[PDB]
Amino acid sequence: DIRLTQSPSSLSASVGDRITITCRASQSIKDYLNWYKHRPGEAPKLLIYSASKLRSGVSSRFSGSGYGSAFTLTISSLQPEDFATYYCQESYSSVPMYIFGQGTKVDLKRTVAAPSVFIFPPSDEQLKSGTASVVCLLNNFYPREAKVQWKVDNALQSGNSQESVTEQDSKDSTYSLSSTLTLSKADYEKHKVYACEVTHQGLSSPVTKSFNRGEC
Amino acid sequence: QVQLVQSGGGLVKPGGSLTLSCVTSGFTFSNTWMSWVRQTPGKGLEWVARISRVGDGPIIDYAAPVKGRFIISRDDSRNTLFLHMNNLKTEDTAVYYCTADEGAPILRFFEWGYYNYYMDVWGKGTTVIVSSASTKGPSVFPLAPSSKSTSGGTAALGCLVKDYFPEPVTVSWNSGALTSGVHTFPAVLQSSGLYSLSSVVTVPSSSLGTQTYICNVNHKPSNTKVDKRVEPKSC
Amino acid sequence: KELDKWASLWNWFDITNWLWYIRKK
């Protein structure tokens, strides 16, 4: 049982900045660590291997250091070409596990923007089909992290909805999120209030948008 | 110049089998260790298996969740790495990466014999989707604007493209004339094995009642094409 | 072409196994 925890899981920065991703390990692994970069539209790329050895072809801006259970990855002068996710990987386990960290998303820094929360009830077209989907929209917010909870007559819904998040907008550099709660027509008809509770750094307190089925 | 051409990824039903292939070039394939790595969209990276040179045994190692179902093999005469996937399960849905590996020998005396194993070159990846569904066109439902989707002088509306298979699907608004403020979200694969996505657009609330709003959906795999008008609703 | 029948390859795994054979002497 050898685990790897990266810190931060996601932090912002601007072009020409110095960032330090940290990879904490549950056990001492000496220098059996490697760093990778992955952009969603291309293949992953090796950056640092064996703790602090730069792979040939990677620019000198990337640097790695550490020995034992903690390590680091520094990127002096942040370039726009490297806004992506970074993973650390260990190879110390006698059992070939090759554990990867959870990842660290490097984001374009921006002023805090709270999400505009919207909710849409199901349509009669879908109800005639026997299903009911409620969608909650969080529009143009920053930073990425945002939590959505569904409540039907104050009952928290767990495992019957799904989210989808957009890539950082090229113009305003914000995010948007869509979440869909799907119920059967029968289950939808035997409840009244449907609510979407949103928490986000830009919200002083949680925001809840809801509607009454009988009135909408 | 090194490249890793991947193929063999696509759709498959639970319990089915599939074989991925990775044709290499630009380096001595027969002298290089190879591995498979997979990524489920929304999660991180997970090493799958590795295979060494044929002369080394070969030495083969599998990750726990795939041991007994996946088989890694290689054909030196054709520079091809293989991954035979059997008894596939919904948890196997992921992007699968081909990798050429290297080992950094440890030069410390008491560590002579040990090495640091890393993935030197990655392929572009191949998608494997495990679903029971067959080709099915979407149902396009309206996300009607109302007071519960308005913030001051800005209203939100959209279309819900639900229960279609497989990817992809295209969405536009007013035949491509409406592009500012649109947000087409990545589709989600539901527990039913069917996809669903959302497309929204924020407009000035004063434009409601005057401007017509239509979402143009096209799902070529099923030859289904729909234009859906969305109108205000009281809420 | 392979003019030498006895032509074979050598990689990092040969190094590691050799350094191990030496530690055990």
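Concerning the overall build of chain A
Here is step 1 of the chain: The secondary structure content of chain A amounts to two helices and 18 strands.
Here is step 2 of the chain: Here the C-alpha radius of gyration of chain A, 22 Å, is well above what a compact globule of 216 residues would show, namely 17 Å.
Here is step 3 of the chain: Overall, the C-alpha framework of chain A stretches about 65 × 40 × 30 Å when taken along its three principal axes.
Here is step 4 of the chain: The 216 residues of chain A split such that 47% are buried.
Here is step 5 of the chain: A separation of at least 24 residues holds for 58% of the contacts in chain A among residues at least 6 apart in sequence.

Here we look at the sheet that holds strand β15 (residues 170–173) of chain B
Residues and elements named next belong to chain B.
Here is step 1 of the chain: Sheet architecture is open: three strands sit in the order β15-β19-β20, paired in antiparallel fashion. Edge positions in the open sheet fall to β15 and β20 (224–229), since each of these has one partner strand only. Strand after strand, the sheet turns through a mean of 15° between neighbouring axes, direction not considered.
Here is step 2 of the chain: Relative to strand β19 (residues 214–219), β15 runs antiparallel, the two sharing four bridges. Along β19, the bridge assignment pairs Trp173 with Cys215.

As for the domain arrangement of chain B
Residue and element names in this part refer to chain B.
Here is step 1 of the chain: As assigned here, chain B comprises domain 1 (1–132) and domain 2 (133–230).
Here is step 2 of the chain: Its C-alpha centre places domain 1 at a distance of 38 Å from the equivalent point of domain 2.
Here is step 3 of the chain: Each partner contributes to the interface: domain 1 provides five residues, whereas domain 2 provides seven residues.
Here is step 4 of the chain: Between domain 1 and domain 2, roughly 480 Å² of surface is buried when both sides are summed, and carbon and sulfur atoms account for 59% of that area.
Here is step 5 of the chain: Taken together, domain 1 and domain 2 are joined by zero salt bridges.

Observations regarding the arrangement of the chains
Here is step 1 of the chain: Where the two pairs of chains in contact are concerned, the greatest contact count is recorded for chains A and B.
Here is step 2 of the chain: One finds no contact between chain A and chain C; the C-alpha atoms of the two approach each other to within 14 Å at their closest.

Digging into the interface of chain B and chain C
Here is step 1 of the chain: Across the boundary between the two partners, chain B contributes 20 residues, which contact twelve residues of chain C.
Here is step 2 of the chain: Considering only the surface of chain B that becomes buried against chain C, B:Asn31, B:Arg53 and B:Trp112 emerge as the three largest contributors, covering 36% of it.
Here is step 3 of the chain: Where chain B touches chain C, the interface holds one salt bridge.
Here is step 4 of the chain: Of the charged contacts, one joins B:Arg53 and C:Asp14 as a salt bridge, the two residues approaching to 3.3 Å between their closest N and O atoms.
Here is step 5 of the chain: If you look at where chain B meets chain C, you find five residue pairs in polar contact.
Here is step 6 of the chain: Elements that contribute at least two residues to the side of chain B that touches chain C include exactly β9 (94–105) and β10 (115–122) of chain B.
Here is step 7 of the chain: Take the side of chain B that touches chain C: its biggest share by element is three residues, from β9(B).

Structural notes on the environment of B:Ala144
Here is step 1 of the chain: By secondary structure assignment, the location of B:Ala144 is in the loop between β12 (139–143) and β13 (150–151).
Here is step 2 of the chain: Counting along the chain gives 28 residues from B:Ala144 to B:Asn116, while the straight-line C-alpha distance between them is 57 Å.
Here is step 3 of the chain: When neighbours within four sequence positions are excluded, B:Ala144 is seen to be in contact with A:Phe120, B:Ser149, B:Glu231 and B:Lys233.

A short note on helix α1 (residues 12–23) of chain C
Turn by turn, an α-helix covers 3.6 residues, leaving residues three or four places apart pointing in a common direction.
Here is step 1 of the chain: The end-to-end C-alpha distance of α1(C), which contains twelve residues, comes to 17 Å, matching closely the 16 Å that a straight helix rising 1.5 Å per residue would cover.
Here is step 2 of the chain: Downstream of α1(C) by a residue or two, C:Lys25 has a phi angle that is positive, lying close to 60°.

Topic: the nonpolar core
Here is step 1 of the chain: Membership of the largest hydrophobic core comes to 46 residues, with the highest contact counts inside it found for B:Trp36, B:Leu83, B:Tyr96 and B:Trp122.
Here is step 2 of the chain: Here this core takes seven residues from β9(B), the largest share from any one element.
Here is step 3 of the chain: Once you skip the residues sitting within four places of it in the chain, B:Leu83 turns out to touch B:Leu18, B:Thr19, B:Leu20, B:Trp36, B:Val48, B:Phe70, B:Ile71, B:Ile72 and B:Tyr96.
Here is step 4 of the chain: Grouped together as the second largest cluster of nonpolar side chains are 25 residues, A:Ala113, A:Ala132, A:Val134 and A:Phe141 included.

Examining the sheet that holds strand β15 (residues 161–165) of chain A
Residues and elements named next belong to chain A.
Here is step 1 of the chain: Reading across the sheet, the four strands line up as β11-β12-β16-β15 and stay open at both edges, with antiparallel pairing between neighbours. A strand with exactly one partner marks an edge of an open sheet, and here the two such strands are β11 (116–120) and β15. Taking the axes of each pair of neighbouring strands and ignoring which way they run, one obtains an average angle of 15° across the sheet.
Here is step 2 of the chain: Of the pairings in the sheet, the one linking β11 to strand β12 (residues 131–141) comprises five bridges and is antiparallel in character. Along β12, the bridge assignment pairs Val117 with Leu138.

Focus on the interface of chain B and chain A
Here is step 1 of the chain: Contact with chain B, which involves 50 residues of that partner, is made by 53 residues of chain A.
Here is step 2 of the chain: Taken over both partners, the interface formed by chain B and chain A buries close to 4,100 Å², and the fraction arising from carbon and sulfur atoms is 60%.
Here is step 3 of the chain: Three residues stand out in chain B for area buried against chain A, namely B:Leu45, B:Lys148 and B:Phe185, and they jointly supply 15% of the buried area on that side.
Here is step 4 of the chain: The interface formed by chain B and chain A contains three salt bridges.
Here is step 5 of the chain: The partner of A:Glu125 in a salt bridge is B:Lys228, with the nearest N and O atoms 3.0 Å apart.

Considerations on the pattern of salt bridges
Here is step 1 of the chain: In total, this model carries 19 salt bridges over all chains according to the counting rule given.
Here is step 2 of the chain: Here A:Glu42 makes a salt bridge to A:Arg39, at a shortest N to O gap of 3.2 Å.
Here is step 3 of the chain: The class of A:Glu42 is partly exposed, set by a relative accessible area of 43%.
Here is step 4 of the chain: Among the residues examined, A:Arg39 registers a relative accessible area of 26% and is labelled partly exposed.
Here is step 5 of the chain: Among the charged side chains, a network of salt bridges with common partners joins B:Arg38, B:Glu46, B:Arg69 and B:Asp92.

Brief notes about the side chain of A:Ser93
Residue and element names in this part refer to chain A.
Here is step 1 of the chain: Here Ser93 lies in the loop between β9 (85–90) and β10 (104–108).
Here is step 2 of the chain: For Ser93, a relative accessible area of 11% corresponds to the buried category.
Here is step 3 of the chain: For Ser93, the side chain forms a polar contact with the side chain of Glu90, separated by 3.3 Å.

Each value, and the rule that gives it
Residues numbered from 1 in each chain as written, not as in the entry; some residues may be left out. Chains lettered and ligands numbered in written order. Heavy atoms only, no water. Residues with missing side-chain atoms left out of burial classes, pairs and counts. Helix = DSSP H or I, 4+ residues; strand = E, 2+ residues; numbered from the N terminus. Rg over C-alpha atoms; globule rule 2.2 N^0.38 Å. Buried < 20%, exposed > 50% of the residue type's maximum accessible area, 1.4 Å probe, protein only. Contact = heavy atoms within 4.5 Å. Pairing = 2+ DSSP bridges. Axes fitted to C-alpha atoms, helices over the stretch in contact; angles between N-to-C directions. Domains from an automatic or database assignment. Buried area = accessible area lost by both parts, 1.4 Å probe. Salt bridge = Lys/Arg side-chain N within 4 Å of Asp/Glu carboxyl O. Polar contact = N/O pair within 3.5 Å; in protein donor to acceptor, adjacent residues only side chain to side chain. Expected span 1.5 Å × (residues − 1). Core = buried A, V, L, I, M, F, W, Y, C linked by side-chain atoms within 4.5 Å.

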